């Protein structure tokens, strides 16, 4: 009664596209991210850069410290998007049960499938191959009875490899599996688990569920399940965004309400444009603004609202700026819309 799940993961996706398009960049440390002056962070880096310890989500500044000779790329969304579109069309040749997770990742459900005598291993290898023919990009993949295991498996032989976990293999695989490797277990959670002497799924199996629920709530349950290989989340494919936003971080903090109003005038047409594409009549459930301050704290202010409306966002922004800023500089401002259910 198993499922067969494949998680497909593009290797260094943005850097790979750049290396493909410009071969001079192959053997050198590169990164797609925003400049230090733009107060940017690294989206992604290729292997030569990763060797210096350069990482996704790393402040560009830390990345030039670790790797002085790093070449920084601003990124080309249209090139990445086109590639991602094509990859998803390839998946569709094998199955309709496709859940994209980002531009570079997707879960496939392949339980039903007559594609390679029902072999998930062979379907995975055939998708990676043919992503390579066609796009000249490599992918890694994981095959497992459930989602979170397929995802962890796609990391085990990257880049340009794959890894399979059979139902028989799950108990041995879990035993010494570090909880920090479970998706949704980030640094705060792992630190908290560690302070209780829980480092592996093995540790968590020896735990009482009620205690994990009382200490952690819903994540306590999820953790207790994942530690045991349990993950019933079905592959979706019918997933739609529930919200849409546009936000910008300025090169220099602002201290004047007119500066905030002016940035909002700039962000608004882009919000309108993006919302138009999924809802022409710009009707919505909530809209609101966000500000981030100099001490990196942020605040959001949204309210029930029938239709995307600029003057209301500006009015809301004035309130937020007058009441919550407390004299600080603002490094970021954003606009946000919550969509109507179904």
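Positions refer to the first chain, counted from 1.
Comparing 54-62 with 285-293, the stretch with the higher mean C-alpha B-factor in the PDB entry is 54-62. Just going by the entry, 2-10 versus 331-339 on mean CA temperature factor gives the higher value to 2-10. Sorting 231, 247, 208, 261 by the CA temperature factor given in the entry leaves 208 at the top. Between the residues 170, 143, 180, 212, it is 212 that shows the highest Cα B-factor in the PDB record. Sort the chain's modelled residues by C-alpha temperature factor and residue 253 lands in the lowest third, per the entry.
Split the chain's modelled residues into thirds by C-alpha temperature factor. Residue 115 is in the highest one. Residue 243 sits in the middle third of its chain by CA B factor, as recorded in the PDB entry.
When the modelled residues of the chain are ordered by their C-alpha B factor, residue 266 lands in the highest third.
Among all modelled residues in this chain, the alpha-carbon of residue 237 has a temperature factor (C-alpha) in the highest third.
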